[PDB]
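Residue numbers for the sequence shown, in PDB author numbering: 26 to 238, 240 to 252, 254 to 290.
We treat Cβ as the ideally placed atom computed from N, Cα and C, and that holds for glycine.
Written below as structure tokens is the structure these notes are about.
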Amino acid sequence: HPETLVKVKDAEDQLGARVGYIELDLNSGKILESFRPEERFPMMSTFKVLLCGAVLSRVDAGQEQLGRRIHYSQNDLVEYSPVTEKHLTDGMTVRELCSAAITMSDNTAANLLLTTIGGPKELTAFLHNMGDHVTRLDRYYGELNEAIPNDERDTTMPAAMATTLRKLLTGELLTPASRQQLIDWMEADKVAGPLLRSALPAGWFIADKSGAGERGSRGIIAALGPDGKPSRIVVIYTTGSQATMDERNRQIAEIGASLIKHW
């Protein structure tokens, strides 16, 4: 994808930052194009799809129920909890929490779900067991941040994330009902408008999950395709930029425009 590669390198120039990129054939798993595929990037909230995949594996095993209600308190609430802050007395069901984590990127929802699966170390072990020996989650939201140079915690690599997302969405790990639920949550993503969705023509399918973080981090993982059916996985990460969120958004959208134009 010569033009898209040019645009990815342009984005590094514009942002003064690293950009990692991969296009993966959804059906075959073949890497169609990549840039920095085996470099680490902060996952940010894109991990929340993997989290809910682990939750769904427990549901499939009969060890979790999507309808199970979890109660929590003010003390559980961390920064950016737009859905969970509304239900301190209601509690929320496991499916409501995964909906909040994926579609709104609610951080308390993610923490609560992490607890159900045994925490970050257990998510990492889940990933390792499905053949992703790179992606790692280490911390809950709200934990003390060390500010470590080239911090390896809570990171993935574009190729690993793309491969892992394909396994979760189409592989045999989850039941088809659970695969469908996971992609349905991603399709209902509410907070990724200015990224790939902004470049998406009418009639296209997209299921995605966005991320942002300090130090200029911004990213998106997606399954998308024309005619209302996904056919490709796209993963885009950037970190290190001093640019505003708008500027990072625009570069990702422009990579998206290139992806679409040269589909």
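The alpha-carbon separation between residue 47 and residue 114 amounts to approximately 43 Å.
For residue 105, same chain residues with a beta-carbon under 6 Å away, outside a window of 5 residues either side, are 132 in chain order. Take residue 100, set aside five residues on each side of it, and no residue of its chain has a beta-carbon closer than 8 Å to its own. The count of Cβ pairs closer than 8 Å, one atom from the segment 52-72 and one from the segment 269-280, stays below three, leaving the stretches out of contact. Between the alpha carbons of residue 200 and residue 159 lies a distance of about 24 Å. Rounded to whole angstroms, the separation of the alpha carbons of residue 144 and residue 238 is 20 Å.
Rounded to the nearest whole angstrom, the C-alpha separation of residue 193 and residue 78 is 7 Å. Rounded to whole angstroms, residue 248 and residue 256 show a C-alpha spacing of 13 Å.
In this model, residue 245 and residue 94 are separated by some 31 Å (Cα to Cα). Per the coordinates, the alpha-carbon of residue 38 lies some 17 Å from the alpha-carbon of residue 27. Counting only runs of at least 4 residues, the segment 80-138 fully encloses the following alpha helix (DSSP H) elements, listed from N- to C-terminal order: 119-128.
Nearest neighbour of residue 49 by Cα position, chosen from 122, 215 and 250, turns out to be 250.
Rounded to whole angstroms, the gap between the alpha carbons of residue 191 and residue 155 is 11 Å. For residue 74, the closest of 96, 284 and 124 by C-alpha to C-alpha distance is 124. Of the residues 54, 202, 189 and 231, the one whose Cα lies closest to the Cα of residue 215 is 231. Counting along the chain, the unbroken alpha helix (DSSP H) around residue 188 starts and ends at 183-195. Between residue 42 and residue 242 the beta-carbon gap is near 6 Å, inside 8 Å, which marks them as a contact. Checking the DSSP bridge columns, you'll see residue 233 partnered with 248. Within a 10 Å sphere around the beta-carbon of residue 206 sit 16 or more other beta-carbons, which makes this residue buried.
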